[PDB]
Amino acid sequence: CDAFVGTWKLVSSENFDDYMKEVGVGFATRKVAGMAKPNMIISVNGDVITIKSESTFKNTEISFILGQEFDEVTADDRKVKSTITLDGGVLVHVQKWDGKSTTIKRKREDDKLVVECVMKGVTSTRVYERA
Ligand SMILES: NC(=O)c1cccc(Cn2c3c(c4cccc(C(=O)O)c42)CCCCC3)c1
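Residue numbers (PDB author numbering): 1 to 131.
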C-alpha cells in the first residue's frame, strides 16, 4: 500500500478516551495519549511498510509486511499479535492479546487519512490531514 504514504497530523478525534478505556488502558496513560496530537508518518520500501507515530507523550513505530503476523509493543505497553492487511483500499490492523481483539482501519478519504478504532462495542474515529 502506498496512497497512505507521507506525513499526517491528527486534526479531530471522537470517543478515543472511551475506546482506550475499553481496551484496558489505565487513566494516566489515557490522559496523556488522549491529549496528544501525534504525527503519523507512513512510508513504504518494497514489501515493508513502516508507520511512525510521534508526539511529546511517546514516539512509536512499526514495520511490517502485509499479511505476516508480528509482535507489537503498543504505546500503552500491551504486547500484542498484530496482523495488517490491505482490503478494498483500507489498511486493516488487527491486534490479538489474551484472547482479546481490537481492530484499527486507516482509509484515505478526500484529503484525509481516517482511522476507525474498534473494541467490543466501542467505536472511535480519528482524522489526520497532511502536514
Ligand atoms: N502520542 C502518540 O504517539 C499517540 C497518541 C494517541 C494515539 C496513538 C496511536 N494509537 C494508539 C492506540 C490507537 C488506536 C487507534 C488509532 C491510533 C492512532 O491514532 O494511530 C492509536 C491504542 C491505545 C494506546 C495508544 C496508541 C499515538
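Quick reminder that beta carbons are idealized off the backbone N, C-alpha and C, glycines included.
Taking non-hydrogen atoms of ligand 1 into account, the C-beta of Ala-3 is found less than 8 Å away from none of them. Listed in chain order, the non-local C-beta contacts of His-93 below 8 Å within the same chain comprise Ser-82, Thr-83, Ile-84, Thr-103, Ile-104, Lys-105 and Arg-106, local neighbours out to five positions each way being set aside. The beta carbon of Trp-97 sits closer than 7 Å to the beta carbons of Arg-78, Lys-79, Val-80 and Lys-81 from its chain, once the five residues preceding and following it are set aside; these are given in chain order. Look at the beta carbons and you see the stretch 20–39 not touching the stretch 61–70: under three pairs across the two are nearer than 8 Å. About 5 Å separates the beta carbon of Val-11 from that of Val-127, a gap short enough to meet the 8 Å contact definition. The residue among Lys-21, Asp-47, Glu-116 and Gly-99 with its C-alpha nearest the C-alpha of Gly-67 is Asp-47. At least one heavy atom of ligand 1 lies less than 8 Å from the C-beta of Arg-126.
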